[PDB]
Each structure stands twice: as C-alpha cells, then as structure tokens.
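One letter stands for each residue in the lines below.
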Amino acid sequence: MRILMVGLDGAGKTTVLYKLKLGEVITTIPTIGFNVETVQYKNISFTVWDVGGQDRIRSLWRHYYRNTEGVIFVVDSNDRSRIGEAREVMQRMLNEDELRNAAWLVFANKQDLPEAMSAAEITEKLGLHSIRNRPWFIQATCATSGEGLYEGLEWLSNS
Amino acid sequence: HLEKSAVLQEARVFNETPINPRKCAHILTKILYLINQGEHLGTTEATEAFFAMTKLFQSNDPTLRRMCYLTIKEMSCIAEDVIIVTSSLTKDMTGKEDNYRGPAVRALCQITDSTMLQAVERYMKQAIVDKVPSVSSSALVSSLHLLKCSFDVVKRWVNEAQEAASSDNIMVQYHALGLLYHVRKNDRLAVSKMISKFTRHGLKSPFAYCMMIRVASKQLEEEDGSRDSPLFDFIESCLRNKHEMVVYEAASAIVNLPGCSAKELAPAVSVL
Amino acid sequence: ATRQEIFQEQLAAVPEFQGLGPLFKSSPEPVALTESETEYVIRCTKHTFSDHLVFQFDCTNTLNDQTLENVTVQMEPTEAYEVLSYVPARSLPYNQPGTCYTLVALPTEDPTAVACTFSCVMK
Amino acid sequence: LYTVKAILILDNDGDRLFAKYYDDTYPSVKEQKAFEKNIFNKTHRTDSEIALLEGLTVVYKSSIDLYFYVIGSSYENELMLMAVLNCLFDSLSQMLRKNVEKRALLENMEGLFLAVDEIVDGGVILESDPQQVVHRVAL
Amino acid sequence: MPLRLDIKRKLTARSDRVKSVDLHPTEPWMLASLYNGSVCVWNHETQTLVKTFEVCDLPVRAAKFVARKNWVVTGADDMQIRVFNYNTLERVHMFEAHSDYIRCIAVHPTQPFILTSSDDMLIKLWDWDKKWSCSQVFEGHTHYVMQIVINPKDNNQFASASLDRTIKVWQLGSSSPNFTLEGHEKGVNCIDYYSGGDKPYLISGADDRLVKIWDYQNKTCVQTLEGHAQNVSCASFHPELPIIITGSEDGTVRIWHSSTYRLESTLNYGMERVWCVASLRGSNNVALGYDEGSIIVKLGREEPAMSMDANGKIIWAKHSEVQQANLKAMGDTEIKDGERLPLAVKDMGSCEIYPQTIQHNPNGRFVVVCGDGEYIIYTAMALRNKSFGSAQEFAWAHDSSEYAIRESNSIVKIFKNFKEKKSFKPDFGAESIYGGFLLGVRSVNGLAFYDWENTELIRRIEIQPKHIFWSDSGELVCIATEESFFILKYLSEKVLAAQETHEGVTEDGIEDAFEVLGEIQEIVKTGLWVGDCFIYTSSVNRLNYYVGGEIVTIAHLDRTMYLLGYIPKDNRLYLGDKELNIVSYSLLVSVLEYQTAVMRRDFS
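Residues numbered from 1 in each chain as written, not as in the entry; some residues may be left out. Chains lettered and ligands numbered in written order. Part of a larger assembly, values for the part shown. Heavy atoms only, no water. Residues with missing side-chain atoms left out of burial classes, pairs and counts.

## With respect to the overall build of chain E
No. 1: If you tally the helices and strands in chain E, you get two helices and 53 strands.
No. 2: Seen through its principal axes, chain E has C-alpha atoms that stretch 90 × 50 × 45 Å.
No. 3: Sequence-distant contacts, at least 24 apart, represent 19% of the contacts inside chain E between residues at least 6 apart. (Helix = DSSP H or I, 4+ residues; strand = E, 2+ residues; numbered from the N terminus. Contact = heavy atoms within 4.5 Å.)

## Some thoughts on the pairing of strand β23 (residues 243–246) of chain E
Residues and elements named next belong to chain E.
No. 1: As paired strands, strand β22 (residues 235–237) and β23 are joined by three bridges and run antiparallel to one another. Its bridge partner lying in β23, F237 is registered against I244.
No. 2: Relative to strand β24 (residues 253–257), β23 runs antiparallel, the two being bridged by four bridges. If you follow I245 over to β24, its bridge partner there is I255.
No. 3: Here β23 folds back onto β24 in antiparallel fashion, the turn holding six residues, of which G251 has a positive phi close to 75°. (Pairing = 2+ DSSP bridges.)

## Some points on the sheet that holds strand β3 (residues 51–53) of chain D
Residue and element names in this part refer to chain D.
No. 1: Strand order across the open sheet formed by five strands is β2-β1-β5-β4-β3, with antiparallel pairing between neighbours. The open sheet has two free edges, formed respectively by β2 (16–21) and β3, since each of these has just one partner strand. On average, each strand axis in the sheet is inclined to that of its neighbour by 20°, with strand direction left out of account.
No. 2: Pairing analysis gives four bridges linking strand β4 (residues 56–59) to strand β5 (residues 66–73), with the strands arranged antiparallel. Residue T57 lies in a different strand from β5, and its bridge partner there is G72. (Axes fitted to C-alpha atoms, helices over the stretch in contact; angles between N-to-C directions.)

## So, the sheet that holds strand β8 (residues 80–84) of chain E
Neighbouring strands of a sheet are bound in pairs by backbone hydrogen bonds; such pairs are parallel or else antiparallel.
All names here are of chain E.
No. 1: Read across the open sheet, the four strands follow the order β6-β7-β8-β9; overall the sheet is antiparallel. The sheet is open, and its two borders are formed by β6 (62–66) and β9 (94–96), each paired with just one other strand. Going across the sheet, the axis of each strand differs from the next one's by a mean of 20°, ignoring polarity.
No. 2: The pairing of strand β7 (residues 71–76) with β8 spans five bridges and is antiparallel. Bridging from a neighbouring strand, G75 pairs with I81 of β8.

And the structure:
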C-alpha cells in the first residue's frame, strides 16, 4: 500500500520511521533523497514513502499518484508555526481532492511537553469534523514516546 | 526485429505491480536498443518515466541495481532532477560494495548544479582516499565532465591530489597524472617542479611514462632550455626500456635535420 | 622629423599637451617597465622631439584579476627636463594596450638637461 | 585521453548495432551510418595492422562474421591502442568464451550493453584487465 | 615529510605506572593518578608540586578538576568519592556513589554534571547542585564499565566503551544507549571524540592493533587501519595537527598522519605503555602515563605565515592547518583604537606544503615561504609560484634581489637568480646565517661579519644571539639575544681604507669596522624597526619603543602578541593577535623623527 508519510526534511520524521521500522531511528532530518520502504505489519505488505519535504520537491510532492491509498501525514504537534493557515488547508484540501481514495491519518510529532496551543483548536481548524468523510484519526505523538503509534497502524490494519 | 512505440507504453508495466525481474530486464534492454540504434527523447515521456521508475525501489537484487544505473546514466545532458536521487545516491554510497557508487557519479557529471556540490564533495574526499582504486577512478572521470561543466572548484582540491599523489597501481598512476597535467598545464612553473617531482620517481601504471613524455618534451619543445642535463636523463632511461614505444616516443620527436647528436639515434634506430 | 616624427604625429591625436615639437629621434631601446609577465605588463617607448620628449606607454594590464583605472604615470627626474605633466590611461583592461603618457619639455643649452632618470610609480 | 571518438559493433553484413559515439562532431546517427557504408564496407571482411582515415586512427577487432571497431586519431601510438583494442577484444572473447556472431548478439543482447558501458564510458577507457573484469563482473 | 618540527620534551618525571591523568586547564595544572595509590597535582612549568593528595593508598583510578565549580573532584577505589575544594585543597564532601571500582568520570560542563562509569557494570549520574544526588542511572551493561566519555560536543549525548567489545551511544531518553554497536574484536577500551564539531570521529582503543574510524551521522566505521608494531595501548587524535598518535603496550609511539596516514615517526621513551593520555584542548601540550614515569611534550609554532603589504593587506595563509587558501585583506573602513575591525573575503592559494615561514620580499612583494623544508616563493598577486627548492637556512639579500641558502649540509651556496654566488664563499662553522645589509654567519658562539661580495670577517662579537633585525637602511641594527639586547653603529670608511691597505684582523673580524653603542637588557616578545628606532614588544607585554634614552610603553597589551603592522601613512599600528582580530593604535611617526632629528640637532 502506498502510504505516504509526509513532512519536511528537518522534522525528524525519519527518526520515527526507522525507530519503528527498523527499531532504530536516524537524524531529525527527513529525507532528502527519499524513502520507499516496505514493512510487513500483521504480515500485510506495505510501502512507506518518507518525504524530508523540502520545498522544490515539496511543490512536486504531488509528483506521483498511482496505487495511492493511505496517509501518514506527519505534522509536528508542537509546531507552533508552519502548521496551519493557507499552507495546512491548501495541502490538505489539494491532497484530499486529488486522491479522494485513501484515508488521511495525520500524525502529530514531538509532542514532548506539548508546545502547541490547544489540541482542540487545531483539530477543528483542520476541519477534523468536516468529517462526514474517510477514516480519520487525529493522533498525538512525541516521537520518543511514540505516543500513539501502534494504534495508528493497528486500527489501520483493520480490514 | 522489434519496435519502439508499443514498448514505450509497455515499459511502465514493470512499474505496474508485476513481479518477474526478468521480464522488465528485457524490456529495458530493448529500450536501450531503440536508443542504441538512435532514438528521439523528451520530457513528457521522461516525466512520466520519472514517476514510473521511482517507486520500484525495495529491490535488493544487485543486478537490479545495475540496470538502474545504466538507465539513469542515459539521462545526463538531457537530465531531469537530482533530489530524489539523493537518497538513492546516498544509498549507493553507504552501500556496501563499492560498485554502486561508481555508476552514480558517472551519470551525474555532465548534468548537475553547483550548490549540492559541497556536500557531495565530502563524498569525494572519501573516494579520493579509497584503496580499491576503481571507484576512485570512477570518481575521477566524472570530474572531467564536471570540468566540462566547469571543474574549477575541483581545482581547489589539489591538496587531495597530493595525498593521493602517492600511487601504486599502474593504471591508476596513470589516471592521476592526466588530471594533474591539466591542472598544471595552466601553469608552466610548477611543472617544472613537477618534473622534479617525478624526478624522484619512476612510474607504476606506465602509460604514465607516455603522457609525461609528451609533456616532458612539451615544455622543452619551445626551448624549455636544457635538453642537456634533464632531457638526457630522461632519454637514457627512455632508451633503456623495453617499453619500446617509449623509446620510440622520444625518438620520433627528436627529428633533427642535422642530427642534434645524429649518432645515437642510429642505434635506437637499428634497434627499430 | 624621423620615423619617430610619425610617432610625434601619432601622439598628436591627444590634446592635453603641454608642448611637443616634432620628433627628432626615438628611443634606442623600448623598456619594459614592468618586468616579465607581471601582475600588469609594461613595455614603454620614449620619443624625442626638438622641444619635448613624450614617454608613451605600451601595454597589457596583465592579470585578468584586474583592470586598472584611475591610471596616471609618475615620473620624478635627476638630470634636467622641465616636468609639465603625468598621464592617466583612463582604463586598462586585461591583455590590452591602452596609452598613458608622461610629457616633459627638453632644456638644451644647460650643462646637464635632457638625460635623466625618472622614477615611476603606478597609481 | 578520450580516445574513443566512437566505438562500433558491426555485422559482416556491414551494419552496426551498437555504437556509442563517444563524441560526435558530425551529427546524427545517420551520419555515422553513411560513414559505415564507406568504411566498413570497404574494409569489410578484411582488417589492417594499421589503418588511417585522414589523420585519424582507425582501430578494431574482427570475427569471421562480426566487426569491432574503435576510432581515435592517427596522431598517436599504435601499440597501446592496440593493446587496448585487444583488451577489449580478448576480454569479451574470454569472457564469452565464444566467438561472437550475429548469434552472439541475439544470444544475449544484454551482455553487449552491459559490456559497452564498463570499459569505456562515452569515450575514455575506464575499465579493464579483462579476466579481472570478467571475474569482476558476472552481475 | 620532516620532523623540522616542534617536539619538546616539555616536562619529565620518572615514576611508576601513572594510570590516569586529568587536566586543570584554568591554570594549566595537571592531576595524575597512580598505581601507587597516591595522586599528585603539579605545576609542570617549574616542575613544582601544586598539591598532592593521599586519597586512598589503593591505586586511584579516576580524577577530575571541576573548574567551574572551583573544586577538584577525586575518587578512589574505596568506592568513595571524596571532594576537595581545590581552593586550598580543603576537602568538601564524601559519599559512596558506585560501590565497585570506579573507572571514569565524564562531566557535563555546561550543565552542572558529573557522570560516572564504574566496573559495577553501572553508570550513574550524580548531580552536584542537588548535592551529589544519584540523579539517574544509566544501565545497559554486559560488563564492568571501563570507560565513559561524554561527547561534550553534545555533552548531552555520550558514548561508552567496554571490553566485551561494545559501544553504546546514548540519548538522555535512553538510560541505555540509543543503540549498541559491535565494535571490537577485542574489547573497546576507550572511546574518544573528534575535536572538531564539524565532523565526527571517534577513535576507540585496542591492543589488537587495528583502528576503526567512525562517522556517527551516517553511523559507519569509516575505516579500519592497519600497519602496527605492537598492541596499541592507545592511539589518539592529534587535535592540533592531523595526526594520529599511536601508543603501545610497550609504550611505543608511532605516529601516523591523520592525513598522510603514513607513519610519520616512532619515538621511544620506552617508559612503557600508554596508560593514560590527556591533552591540551588548546591542542598543543599533552601528557600520558607510562610506567617508568610520564613525559609531557610541547608541540607548537606561534604563528601562521603571513606578511603584510603596506597598502594594508596582511596576507596570511591558512588559519592554523586550513589550506593556505585564504590570503587577502585590503579592508575598506576605519574605527577607534580600542574597538575592533572587519575583513575582506577572497581566498587565493590552496598549497600543499605546510610552512612555518613567511617573509616578504623587500618591497613586500616576493614572499618566500618555506614549508615541508623546501621554499616556495611566490609571485604573489600572481599567485604564481615565484620559485622553489629545499632549504636548510636563509637570508634574502635584503636589497630585495638576492637570497642566500644553507643547504641541509652546512656549507654555503647562495643564489642570485639561480646563480650561485661564490664571491663570498667561506663555508666556516656556522650556527645560523644572517643576511640583511651586512653579512652575518653566526658561528662558534660568535657572530661573524661578512661582506656581501667576497666575505670579509668584519667583526666578530663576543657571543651568539637568536635574532637580528636591522634598521631600515640597515644602519643601526638590533640584535635579539635572549634577555639582553644591543644597538650598534657600522662605520664604512675605515673599511674602505683598511681594505685598500690590507693587512688586517679577522679572527676577531677587524676592529675597525663597527662600534658598540649601548645595550638594553632585553626580553622581546616581538620587536620592530621603525627605521633605526627600536620599537619593540617585550614579552612582559608592554609595547615600548626605545626612544631617546627612554623606553616608553605606548601601551601594554593583554598579554603580549604580534605586531600587525604600522602603516605609517595612517601612522598606526595594527596590532595582531593570531586569532584574526586586528587592533590599531595610531602614532605618528613624525613625532619620533622629530625627536630623533632634534637631538641630532635638527631642531629647526
């Protein structure tokens, strides 16, 4: 399943990824020269695309299409800055329309002590309840804990 | 025997979920064939390919890797994107064998942007240093194109050359010099010292002797003064070898109407 | 009104003069005023007229590093000449003659008055 | 020193199914081919110690049924060049353990391509030691 | 390439198996722990003992100075931690952290911490502000904890070595490593860090005689090194030069260049094995415990190679070991004496040979630079090699047009434009050679004077010095000779006659040449001719110029330094450190001259 894990270079998405995937991590920069990775979970056979989002490519991040069906959208939770507004909305909407054919599960990262501004405000802002829509989960994490990881996958490995 | 248009659609089928390593390998061969005899190329077709090729990368399969390089290598002066590749590239680089690495540089070199360069320099440092020459050799050639492109910054690197300057593989010994010359050849002077540099020196992967000859003469040629003490040193040596060609090399040049020293030449000649 | 006269005339297209005359004889030897392939390379030729001497300066502002600008030529003398002026080659780019001059009027009936060494500083 | 202006792999039947033009200077695929017609044809089925066309060096190994070519400038050393000419020639041969034919090529098309890239890469000869090579590769 | 280099046997002691060494930077004191069980702290400088402590009489494995803290930390293998305030050696506190043989302490400097590893297969962290809390315990062992080192770079993250052969690198959020890697095929004795922050290497030690380099960011064994002569007790990163220090279980020093990686040298103080090492972070002085004793060596130059054109560009090359690629500086702006200034940016160069001399042409112009023992002279603007050869010793013919050389034999040949000058060809015992206006050959603890065209022993004076600076026009000349110093006149005419007459003294040189004007008893940090004025530094850090019977300190300097250059026009002195901030103080040359002239009776 082409499941796209998204976010920037510099996020430390990658850190997570291999933490999960390999057990072990790697730098807080998500990739520059991509990830395609395969994971069996629950012995079900999965492709992870991990994007160190970086702009030019970011622009092109649409860049591929076929066989799309699932989103890890990594967003950094505590990110007080790049998260919402035009960017957030735009990305979400665009993605949604383009591939209305895949569940969007957003991943909120390095929650540590959360350095956001309200779990509630944001979820709403994202129109998390614009829902009447595809399997969704809003999910909390600080990477080091991995505050919600296994469910994401688990609940996911639901059919 | 076979035809392009169909194929062009069909190649993406490997990109379709299809598992059968062979099948695609073959199809790839054909493409290359179309190409080999002669083929139009272009972007759209490329771009679509860009997404197409890209997914296909859980392959472990080494040989599988090979195939890729080639293809990519095809894209160079008409190249499209690099960032994706970075990760990939990195993968060759960290990648166990040596092998993977050489192909990547090789496509890269007509095609690329200043910028990244810095980064990739480091990698270069490493290549520069490695004992299995080959890759290092692989590294070098790329540079040339990079010289095409530019290569000046490559220049900056002279130092590495030196660390490198110690060599013990013949062919390899050869390779280093080629570069070098270019480098100093923008410069008489050093070279004069270079000469000295080799002067203490004999040569590993000969070949080296030969470029140097052209060279060694080439300063002298204009009247880089003294034939007499230097040249001659070279010559006895030159003379002496069973690298008959080298002997020749000297011989051929010295074409002197009065016989600069008519005599000796005749022995060489006899020998000829 | 020598070969050198032709040079008196060649010189003549300029009009910042402070006397000339007609050239008498010219230089027995042009002097490279900057030695062998310098940061800047000068070869100089000196011209005598019945009245003045002009040193006209031939050259290839060498380094592609540079173009020299705001160029004038100082000369400072020991055995006489009245020093009228030092000339600026407005601009000199790489590998290229341009002209700069330095001008003097030649005293003739004095004991010690036209052979001279002049000291040069490029600005 | 970029020796291969171009390299061609040729029929007996005076055609070329591989060529990698190390550098082109008269354009086209086409233009290469016309040249073949003269040259190959003319040469065809017979080789030289030395052969020249106009200050350029003409290099190459044959088979009864097949033709190999390298072009460089005749302005430089027979021996090495030969050595090379062979180096290829042998390597492949050895490698193959067989005389290439028309057969050889169809018999496995891939190997050529693969081969083609390793020694010379557009122009210069990177790779060599054919046995070495031969061993070196197999994958 | 040569050892034409600084190696100093800085300080010695012959003793026992001195296991451990720890450095007091903040005042260069050193702490050492012995296999005796007594530990001592020394000021090496005069081979003087700052304090010694009998902490235990059991061998005392671990030691730290806590400088911030102003206290010194100690532990012996009574498994207790004893504290002294080093501010006497007044002993603050004691408590039992680790209950087994306590091998190593690593400290967070930024943050108030003391990290410890001990053989109990435990690493404990203790917090001093909490007053030695066991704040956290780091565990993930498989054996005794032999060593801890803090990646101080990221203090915060640290690495651990064990002889079960493995290394765990940890994150705070891992009271366990982030991971363990399977390093040794022996055991990982030691783990060490790469001085630069930029890149990252560790070296780890083994006696297996194989070295692996690792890059953390990738996470690779960058490479694995072989060549060795005996179980490497230790090998270390040179932090000053790029060299590899290798050490042995017999106490062998081998150096491989951490760039050539060629064995540069082997040294034997067969004082047996490398027990400890500790290094100057200022990267220049290092100490290691050996059995027969310990030795400390001093290994530095005091400068880069640069010479300044009076336009105002001190062109230096390198920085400290950076490529030569970096020369330039014409600046562009002005500011207050005390305050600091800006540089331009446009490198030229990227030489190879590593120098230690720069000297300008006499008009700044042609520099001859020596390095690796050979002389590259540059055409500078040109960035051309003006010329090259191998030295031994040198004089520019001061005039700016010839040069002399001392061939690595010792017998003179001189070249003017690659022509030997044999009109002059003594080749007597020397010591060093001096050029300038008047020829010096320093020989036989004498300094002997020579012509410029034929040699002549003009004079010989009492002893040998160290350095000469000549006034500008030569005239009054300044020779630096330890503490002590002299100013002289050279009187020509005598010579002309004398010479004509010929019959002379030259054993002494001829007593009819030079005169001894006066002498200052002097210590020079750096020194200057302003003309014939000696403007000088003292290493006592006053900048003084000896003027008028007077020596005056224009100013006194932090500690003493290098004379940037006074571009006279500006009348200012540019002062120079070695850290590339320039300070300027204007004088006004005229004032000096004014003084000079008037005394001379040039009042008007």
